[PDB]
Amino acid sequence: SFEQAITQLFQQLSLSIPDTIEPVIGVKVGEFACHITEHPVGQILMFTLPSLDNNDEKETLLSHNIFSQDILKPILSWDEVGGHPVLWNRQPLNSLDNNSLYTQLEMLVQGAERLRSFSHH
């Protein structure tokens, strides 16, 4: 369950569980506002809006996306509707261990750093 995956995450963040487990959960790590949701069904998607370096050119940017040994390594993309970059990662709900979400979140944030205090966001 998504609700149950979130709940266990929040306990691991030492964050109080809202009465309402909304469809899109906001969590802020340090300066980084992250969003957590199920999309598509059966998949946990996490994403954040990174602040890019002006001097980074396309090769440099695209280099962050090469495959690696870590399947939680986040992907840098661009949202043409909102007109801004989007950093995201994703893993199957059906395959989580008790530490999978926390790890996904940490890997998403380290990914933003390359380009903890928590708040129920």
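Heads up: residue numbers just count along the shown sequence, starting at 1.
Count the deposited residues lacking coordinates between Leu115 and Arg116 and you get 4 to 9 of them. Between 72-80 and 47-55, the higher mean Cα B-factor belongs to 47-55. Relative to one another, 104-112 and 17-25 have unequal mean CA B-factors, and 17-25 is the one with the higher figure. Sort the modelled residues of the chain by CA B factor and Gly42 lands in the middle third. Ranked against the other modelled residues of its chain, the C-alpha B-factor of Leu96 as given in the entry falls in the highest third.
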